[PDB]
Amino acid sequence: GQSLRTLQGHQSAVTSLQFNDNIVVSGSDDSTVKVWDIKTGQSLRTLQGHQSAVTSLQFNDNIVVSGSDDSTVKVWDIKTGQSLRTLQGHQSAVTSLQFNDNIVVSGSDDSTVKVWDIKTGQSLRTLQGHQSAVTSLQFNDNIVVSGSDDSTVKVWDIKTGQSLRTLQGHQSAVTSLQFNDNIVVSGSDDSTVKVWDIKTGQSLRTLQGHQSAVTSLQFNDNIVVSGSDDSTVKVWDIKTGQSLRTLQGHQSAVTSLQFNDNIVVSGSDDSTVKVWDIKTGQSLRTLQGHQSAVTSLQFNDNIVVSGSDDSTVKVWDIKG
């Protein structure tokens, strides 16, 4: 439950983060990405180049990929801080991204998803069809799934670029999504989570119970965990579509969550992170220390890392 390090240096909100056993990488409204030592707290390098807020990022052993309100995606050499490619083509903010060894996939306020060659920096495909901002995306070797402010989820063939399915039924923006070989799970401003058959496009379940927008979700074979503007996290049985637990305790919207077999970790506009026993619904720990909303988090067996509107990242001992 104890704060281990406070990573100070960003000049505005932290929007996004990822960590491994050695480093934290954070993206900020101040238009930079920072690389930090997870154990010492030291700022290691600052990736400067974007002209507006960084919204989204991912990294591996060689590169960082960042997306920005300036409408670009940048690829950086994590080992030197040098900008390797700027992916230009979107007409408005990049909101979401994912990459693998070959390709970057980006989503934008311009309503499109683009597929790029990560080595050359050239666009391969533009996925056209949404009628408003793309908010979220995921891909694999075969398909892209995108969620949009137009209230739909779209499933695309990643090699050809063709729309395969448009999942219709949400009554407001899709905020979040995840998929596997069988199902798509989407969360919406309409306060529901929906489960869909990815091959047929059939709506399989509507998880009803939240009293305001669903902001975040994760699922596995057994359960969905959702976070909401109503300040709760809900745990659902995916098979019946019924809620198992409501995790109550946050005083404002839940913005972010992650779970494993034992625990849920949630971040909130109330400035705290909470650790919960997923089996019982009980709060195990409240991580107090941020001075404004928690926007983003990640955890493992040992530590939580949280990012905040207060411009800091914090590293916590998740046990005590």
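Start at 1 with the first residue shown and count on from there.
Looking at 235-243 and 124-132 together, the entry lists the larger mean B-factor for 235-243, computed on C-alpha atoms. Looking at mean Cα B-factors across 149-157 and 77-85, the upper value is held by 77-85.
In this entry, the residue among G289, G67, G267, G281 with the greatest C-alpha B factor is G281. The maximum CA B-factor among the listed residues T192, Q178, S96, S203, taken from the PDB record, is found at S203. When all modelled residues of the chain are sorted by CA temperature factor, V225 is found within the lowest third. In the PDB entry, a CA B factor belonging to the lowest third of its chain's modelled residues is recorded for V275.
In the PDB entry, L257 places in the lowest third of its chain by CA B-factor. Looking at the C-alpha B-factors along this chain, the one for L164 belongs to the highest third.
In the deposited entry, the Cα temperature factor of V185 places it in the middle third of its chain's modelled residues.
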